[PDB]
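Undergrad: Would you mind keeping the following structure in view while I ask a few things?
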Amino acid sequence: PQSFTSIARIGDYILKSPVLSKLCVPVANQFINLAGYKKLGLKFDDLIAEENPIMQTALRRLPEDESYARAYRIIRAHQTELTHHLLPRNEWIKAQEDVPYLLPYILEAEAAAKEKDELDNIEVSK
Amino acid sequence: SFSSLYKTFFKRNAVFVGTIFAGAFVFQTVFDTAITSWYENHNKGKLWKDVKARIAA
Amino acid sequence: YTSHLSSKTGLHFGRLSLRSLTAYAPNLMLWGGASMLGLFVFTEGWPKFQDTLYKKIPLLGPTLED
Amino acid sequence: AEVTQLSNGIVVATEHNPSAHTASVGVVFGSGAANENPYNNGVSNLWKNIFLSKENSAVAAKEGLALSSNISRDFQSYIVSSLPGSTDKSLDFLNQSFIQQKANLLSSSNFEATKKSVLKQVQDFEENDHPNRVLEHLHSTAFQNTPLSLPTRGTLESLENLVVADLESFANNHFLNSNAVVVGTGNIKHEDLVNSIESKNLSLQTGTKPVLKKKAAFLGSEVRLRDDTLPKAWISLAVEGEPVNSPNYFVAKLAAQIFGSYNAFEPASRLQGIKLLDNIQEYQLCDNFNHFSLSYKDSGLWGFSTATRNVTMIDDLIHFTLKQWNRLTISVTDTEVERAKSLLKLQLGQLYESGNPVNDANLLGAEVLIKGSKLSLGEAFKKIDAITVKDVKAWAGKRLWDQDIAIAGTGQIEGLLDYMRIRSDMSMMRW
Amino acid sequence: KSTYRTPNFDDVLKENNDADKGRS
């Protein structure tokens with residue numbers, strides 16, 4: 001387990017600088033394309049572990065029209081992995097369609113939980 | 001003198017367990033030696049302790 | 001106080017707080033001492049362990065006789 | 001805004017306050033529903049209601065002035081509110097209709113109407129209400145066979161056996177001049193200081209209040225009324241508080257503020273608070289809290305009360321509250337003490353400075369009879385700023401470590417384990 | 001006998017003492 005606040009910090013730091021961006025973004029796309037979930041139908045807003053309580057709240061906050069699509073994607077993935085085939089190369093997920101919609105619903109909740117868990121150990125104030 | 005001093009002595013659970021264990025230790029030792037003494041002197045001429053002394057000459 | 005009370009945080013590993021550790025420190029030490037005494041009680045003394053138990057208390061353990 | 005006492009036959013205390021403009025002369029008696037033996041329980045109630053009915057009917061037609069009363073344990077609080085500039089009429093009426101005469105008011109028809117109204121009121125209080133029911137039961141169970149446990153209202157069996165003679169005897173044995181202040185809360189200054197001393201403004205039967213033999217006690221017991229017809233549950237723990245006029249009153253009150261109130265149906269209460277509120281919200285363990293530390297001259301009680309819709313998780317609520325109380329005497333964060341100090345300052349400021357003069361009159365009478373002199377809230381602030389974690393630790397170790405508890409809850413209580421997993425768990429943690 | 005009227009427990013109550021000594 002590793003919160004998305006730290007991921008967001010490291011990601012902004014890497015991507016903002018020009019030289020490290022030019023040296024690191026070319027390999028990230030190749031890494032994703034070689035990973036595998038793209039063809040089998042998974043969006044990265046689904047592959048994350050979805051059991052810990054903060055992700056549970058995030059899932060509880062999702063609008064209907066994305067939760068239903070997530071349900072369809074996961075059940076179809078279950079089926080295709082069951083049959084050992086791969087999806088035909090016409091209904092895959094395109095490069096530009098792997099947009100993160102679930103990230104903000106994790107960052108906001110994680111920030112709230114982190115900054116509430118710290119608030120109990122407050123001091124006398126001065 | 002069962003005033004609040006003993007209640008404060010019993011307030012802490014950990015010292016309660018420490019005291020009960022120390023009492024168990026001392027009780028074991030003194031009780032065992034007392035029982036052995038009573039069992040022994042209750043039989044004059046029976047146990048080997050004095051028999052070997054008697055046979056000594 | 002006027003205006004913002006300007007609170008300050010405290011070291012914590014999520015749940016445990018440093019003040020809690022300070023409060024439990026004497027109790028934990030004395031409970032550990034009681035536990036050590038209890039372990040001493042449970043062991044009566046071993047052939048090798050008489051090397052350390054004879055000198056523990058001189059007014060209570062003079063059982064060196066045959 | 002300074003309180004002035006004296007002793008000229010009858011103690012007269014005044015607390016000028018030019019903010020409000022509803023002058024309220026009053027009368028307060030130091031012996032109410034505790035200094036009387038259980039067999040005549042509702043005599044104070046009968047007095048209260050005959051007053052509140054017939055005198056209320058008479059006053060408005062005579063002049064313009066309301067009237068109220070109160071009773072808690074030893075408080076024949078008895079207040080006649082008025083306009084700022086009509087207090088002389090209030091004193092004249094109070095002389096001519098409360099201490100003398102007591103025969104024109106106590107007519108047969110009026111007394112019987114009061115009797116039936118009181119019977120109906122106590123009956124439907126016993127039927128409908130619940131938290132006050134369990135509170136009265138808590139008092140009754142904590143002070144068995146002590147002139148402190150009989151309820152403020154009474155019991156129907158006790159009520160039915162009263163007509164005049166016992167009411168008259170109580171009037172002649174507790175309306176003396178020894179323990180009868182004349183409060184003057186409102187916006188009056190000195191007319192109360194002089195008009196209260198006149199030719200005959202003096203209570204009948206000058207003498208002393210007959211002192212009861214036994215003092216008080218404490219012992220744990222249950223008076224549960226287990227009945228499954230009612231939807232919810234009710235519980236009320238208790239541990240012996242601190243009597244008034246003791247150097248532990250305010251520290252006990254602080255210990256009755258760390259946990260604080262609660263109401264699980266508010267967006268502004270389910271979210272703040274302390275560790276127990278964090279530990280309860282995961283399920284619906286409870287539905288209400290009410291922490292309080294009641295104190296009386298005989299003795300005091302440090303209260304607790306819930307009203308839980310859930311009926312199966314009662315034991316977990318009880319165990320968590322008991323663990324919090326257990327650890328209140330082992331380790332308290334200094335910030336918790338600070339927050340308690342601030343909140344308690346707010347609570348006392350709100351209570352003592354209510355815009356309604358009647359409550360201030362009541363409290364002034366209470367303090368002036370019990371303490372002997374009012375303790376100004378400023379001194380309360382100065383003497384509470386010095387309460388340090390050492391003092392709370394000492395007081396909790398004295399009053400909340402393996403001590404008798406009294407619990408008496410109506411409703412559905414079968415899920416509540418009876419007495420050993422509700423008392424012997426109150427120190428189980430290895431301190 | 002009303003609900004508040006507790007029965008006579010004095011046949012068993014430890015009226016004497018009733019202090020921390022019993023707990024001890």
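Residues are named by chain letter and number: chains run A, B, ... in the order of the structure tokens, numbers start at 1 in each chain, and ligands are numbered from 1 in the order shown.
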If you run DSSP on the backbone here, which positions in chain C get strand (DSSP E or B)? Please write them as a PyMOL selection string.
TA: chain C and resi 12-13+16-17
Undergrad: Generate a file of the selected residues that holds C-alpha atoms, formatted as a PDB file, in the first residue's frame.
TA:
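Saved file part_23.pdb follows:
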ATOM      1  CA  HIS C  12       2.736   9.765  15.589  1.00  0.00           C
ATOM      2  CA  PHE C  13       2.727   6.506  13.649  1.00  0.00           C
ATOM      3  CA  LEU C  16       0.248   5.702  18.770  1.00  0.00           C
ATOM      4  CA  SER C  17       1.316   9.099  20.100  1.00  0.00           C
TER       5      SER C  17
END
Undergrad: Using only C-alpha atoms, find each residue of chain B with at least one atom at most 9 Å away from an atom of chain E; report its shortest atom-to-atom pair and that distance in Å (one decimal), sort the rows by chain and rising residue number, and return the result as a Markdown table.
TA:
| residue | atom | partner | partner_atom | distance |
| --- | --- | --- | --- | --- |
| B:2 | CA | E:21 | CA | 5.8 |
| B:3 | CA | E:21 | CA | 7.0 |
| B:4 | CA | E:20 | CA | 7.1 |
| B:6 | CA | E:24 | CA | 7.3 |
| B:7 | CA | E:24 | CA | 6.4 |
| B:10 | CA | E:24 | CA | 8.0 |
Undergrad: Sort by chain and increasing residue number a table of all residues of chain D within 8 Å of chain A, each with its closest pair of atoms and their distance in Å to one decimal, counting only C-alpha atoms, and write it as a Markdown table.
TA:
| residue | atom | partner | partner_atom | distance |
| --- | --- | --- | --- | --- |
| D:334 | CA | A:124 | CA | 7.1 |
| D:335 | CA | A:124 | CA | 5.3 |
| D:338 | CA | A:124 | CA | 6.9 |
Undergrad: Could the residues of chain D within 8 Å of chain E, counting only C-alpha atoms, be given as a short mmCIF file (atom, residue, chain, number, x, y, z; two decimals) with N, CA and C atoms, in the first residue's frame, please?
TA:
data_model
loop_
_atom_site.label_atom_id
_atom_site.label_comp_id
_atom_site.auth_asym_id
_atom_site.auth_seq_id
_atom_site.Cartn_x
_atom_site.Cartn_y
_atom_site.Cartn_z
N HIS D 137 -35.19 6.62 38.11
CA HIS D 137 -34.88 5.28 38.59
C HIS D 137 -33.43 5.18 39.03
N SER D 140 -33.23 6.69 42.41
CA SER D 140 -33.85 5.82 43.40
C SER D 140 -32.95 4.64 43.73
N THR D 141 -32.30 4.06 42.73
CA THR D 141 -31.49 2.88 42.98
C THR D 141 -30.16 3.22 43.63
N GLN D 144 -30.88 3.98 47.94
CA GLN D 144 -31.91 3.19 48.58
C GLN D 144 -31.98 3.49 50.07
N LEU D 150 -36.28 9.28 46.64
CA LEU D 150 -37.66 9.41 46.23
C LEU D 150 -37.78 10.46 45.14
N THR D 155 -45.15 8.94 43.67
CA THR D 155 -45.79 7.72 43.20
C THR D 155 -47.29 7.80 43.44
N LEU D 156 -48.06 7.22 42.52
CA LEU D 156 -49.51 7.33 42.59
C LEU D 156 -50.05 6.81 43.92
N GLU D 157 -49.49 5.70 44.41
CA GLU D 157 -49.90 5.19 45.71
C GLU D 157 -49.64 6.22 46.81
N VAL D 223 -32.87 -1.19 38.47
CA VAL D 223 -34.32 -1.09 38.59
C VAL D 223 -34.94 -1.24 37.20
#
Undergrad: With a cut-off of 12 Å and counting only C-alpha atoms, select all residues of chain B in contact with chain C and give the selection as a list in words.
TA: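 Output check: residues 12, 13, 14, 15, 16, 17, 18, 19, 20, 21, 22, 23, 24, 25, 26, 27, 28, 29, 30, 32, 33, 36 and 49 of chain B.
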Undergrad: Per residue of chain C within 7 Å of chain D, note the shortest atom pair and the distance in Å to one decimal, counting only C-alpha atoms, and order the rows by chain and increasing residue number, as a Markdown table.
TA:
| residue | atom | partner | partner_atom | distance |
| --- | --- | --- | --- | --- |
| C:19 | CA | D:333 | CA | 6.9 |
| C:20 | CA | D:331 | CA | 6.5 |
| C:23 | CA | D:331 | CA | 5.9 |
| C:27 | CA | D:431 | CA | 6.9 |
Undergrad: Distance CA of residue 414 (chain D)-CA of residue 136 (chain D), one decimal place?
TA: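 Spanning CA of residue 414 (chain D) to CA of residue 136 (chain D) is a straight-line distance of 20.5 Å.
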